[PDB]
């Protein structure tokens, strides 16, 4: 089975993907995580991607599509978490899967309002050692655990990332709706509840 998690930044897509991968054995493909590790290690991809990400812009499709080809696993169920982000990327994903005898089974659309995305993103914190994602209010780091805020979770980059989401990524909703595989998730609910809905959606 192949899943795509779609929706605004801060919706809780990564948090759910990591849980689903962990408990149910999906391969988690987070273009976010892979890009950040590239940036940190300073690869050709990392150096090229770094500024797009810092500014809240999408990294160019060619770079991402190639990144997906490089990481797509030969076997196993897959969660596409943060990819595709454009219509071009969605077309590429279809072709790539079709060549492998595959297809996207379910697109979970993580619906959540702007005030919730801003609330979620501004309080997001990261454990630099473990990659564990926290939230200053909803799931705070344990006492004594040093965390960081991502530079792209600053107020003005969030604002940009949301315009970019609405401009470039939101058309994917009709794209997958037209195929009859769009599932709606009420992402505004607490973590446990969203996860139950995710499990119910996918069986």
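Here, rigid core means the biggest group of C-alpha atoms that superpose within 1.5 Å across both forms. Numbering follows the first chain given and starts at 1.
Each structure in 7 other deposited structures of this protein is fitted to the shown form on the rigid core, and of 106-114 and 68-76 the C-alphas lie farther away on average for 68-76. Per-stretch RMS Cα distance to the displayed form in 7 other deposited structures of this protein, following rigid core alignment, is highest for 43-51 when 166-174 and 43-51 are compared. As recorded in the PDB entry, 144-152 is the stretch of 144-152 and 56-64 with the greater mean C-alpha temperature factor. Just going by the entry, 158-166 versus 171-179 on mean CA temperature factor gives the higher value to 171-179.
Note on 107, 96, 126, 79: the highest value goes to 96, judged by CA B factor as recorded. Sort the chain's modelled residues by C-alpha temperature factor and residue 86 lands in the middle third, per the entry. Among the modelled residues of its chain, residue 202 has a C-alpha B-factor that falls in the middle third according to the deposited record. Sort the chain's modelled residues by C-alpha temperature factor and residue 28 lands in the lowest third, per the entry. For residue 136, the recorded CA B-factor ranks within the highest third of the chain. Only modelled residues enter the ranking. Sort the modelled residues of the chain by CA B factor and residue 113 lands in the highest third.
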